[PDB]
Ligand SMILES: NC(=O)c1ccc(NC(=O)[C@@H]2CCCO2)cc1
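Encoded as structure tokens, the following chain is the form deposited without this ligand, with no partner shown.
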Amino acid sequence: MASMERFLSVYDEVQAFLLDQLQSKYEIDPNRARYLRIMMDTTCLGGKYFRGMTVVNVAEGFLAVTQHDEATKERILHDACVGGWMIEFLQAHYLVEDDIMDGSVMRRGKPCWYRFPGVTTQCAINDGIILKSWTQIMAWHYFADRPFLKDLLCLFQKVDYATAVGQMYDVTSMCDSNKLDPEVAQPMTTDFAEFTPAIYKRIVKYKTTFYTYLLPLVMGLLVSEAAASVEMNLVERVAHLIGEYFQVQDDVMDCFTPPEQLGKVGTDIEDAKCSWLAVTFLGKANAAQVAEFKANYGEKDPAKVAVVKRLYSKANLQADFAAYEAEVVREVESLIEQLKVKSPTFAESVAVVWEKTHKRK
């Protein structure tokens, strides 16, 4: 059976399970079940399932080299699909809550869930809560007797917490750290002293890399009982390296990808985000370019936004980007080779994870 159709079919199974349980144990009525079903589909479906399918792909790799009965192959593939959905639903939690926190308008070319007329923020906050709760319900039901339960839940819990800490890092990235104070309304930085490569790296590491790269790779190892085929420090290194690059691509697309292709009107500049473009620009600008950036960044005015985009284009950030890509392509290749000492298989899955990232469009 092709991997994606297995994955998709497990979505239907897991949804049915979730909703039936709500009826049989949580007293739900049919109308609220339908609401939840619609919420699930709208928030979990329609992406490319990069994350959840990496779990399947890692598991498929091990299956090709490991002796098992047919029933055990099917069990492993089903557990990888369930695991993959846990990650998709965790992403869906974060996208719903982030869209509300950021006042986002669209995502993937449709309104953000909270903007739907019969949702509202009041419901959407809780719907996003539910989405993460469902990841646990899936795990306890499908993995109850599994040896990897404990490790998987502990891993998931750390990845979730890493992500939440990343979200803080991101939303506070245009404030001066020394002025953070619940009691005082926060001003935008005026010096941009914290727009550095190291501070950027921290935001991105936590905000995305753990759930987008570390968790899919490690969950595939866990459902395969293969965590001893890897050096885990290497897996975390490669995950953070690739996930950084992922984010750099997202930052460049926010500023330069047409909204129709983006699924989104990009507002990083108006929002004063600590983006790769801003940090790279500040790393090479002269005094007068810096001052022009400071007078124009983090403002809603479209003319000031256009001034910042013009400054980036004049600064030929394309060449800094090509140079960053080359260094990544090189470091990722190094790490793949180190991964081959213990598992050619696993290294190949990481290679596929890299090709897909590098060519994403």
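All residue numbers refer to positions in the sequence shown, first residue = 1.
There is another form of this protein, the form solved in complex with this ligand, and it is not shown here; the text below is about that form.
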property	result
Contact of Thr42 with this ligand in the entry with it bound (heavy atom, 4.5 Å)	yes
Distance check, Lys294 to this ligand in the entry with it bound, heavy atom within 4.5 Å	yes
Contact flag, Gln91 vs this ligand in the entry with it bound, heavy atom cut 4.5 Å	yes
Contact test in the entry with it bound: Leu149 vs this ligand, heavy atoms, 4.5 Å	no
In the entry with it bound, the one of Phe192, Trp134, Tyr169, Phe143 near this ligand [non-hydrogen atom within 4.5 angstroms]	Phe192
Within 4.5 Å of this ligand in the entry with it bound: residues from 107 to 125 (heavy atom criterion)	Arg107, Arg108, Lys110, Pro111, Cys112, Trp113
